[PDB]
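Step one of this worksheet: look at the structure below.
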Amino acid sequence: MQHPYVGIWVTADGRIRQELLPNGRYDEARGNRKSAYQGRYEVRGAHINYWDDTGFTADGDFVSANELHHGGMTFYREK
């Protein structure tokens, strides 16, 4: 029950980066805190949430074709 996407979603400043894996997953590397978090996501009508295996979960939604909105943040593709 998942739909991969793959893509390097980075902030507007470049303080943090989130790579969407080829296996339909995510991996974010923040400055001085790489490999901070990683898990999986479910896409529903542009709406996606991160359900980590370490007991965490996030939420977001694609507002554009290259823009991402999760946890109240703005992530751009590859950039």
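Each residue of the sequence shown is one higher than the one before, starting from 145 at the first, in my numbering. A virtual CB, placed ideally from N, CA and C, is assigned to each residue, including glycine.
1) Taking buried to mean at least 16 other C-beta atoms within 10 Å of its own C-beta, is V154 buried or exposed?
2) For the beta strand (DSSP E) containing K178, list its first residue and its last residue.
3) To the nearest angstrom, report how far apart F206 and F200 are at their CA atoms.
4) Going by other Cβ atoms of all chains shown within 10 Å of its Cβ, with 16 needed for buried, is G215 buried or exposed?
5) Among residues of its own chain, excluding the 5 on either side of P148, which ones have a beta-carbon nearer than 6 Å to its beta-carbon?
The answer reads as follows:
1) Position 10 of the sequence shown, counted from the start, is the residue given in the question as residue 154. Per the 10 Å Cβ criterion, buried.
2) Within the sequence shown, the letter at position 34 stands for residue 178. Where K178 is concerned, the enclosing beta strand (DSSP E) stretches over 177-188.
3) As a position in the sequence shown, residue 206 is number 62, starting the count at 1. As a position in the sequence shown, residue 200 is number 56, starting the count at 1. Between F206 and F200, the C-alpha separation is close to 20 Å.
4) Residue numbering aside, residue 215 sits at position 71 when the sequence shown is read from its first letter. Exposed is the call here.
5) Reading the sequence shown from its first residue, position 4 is the one you call residue 148. So the list reads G168, once near-sequence residues are dropped.
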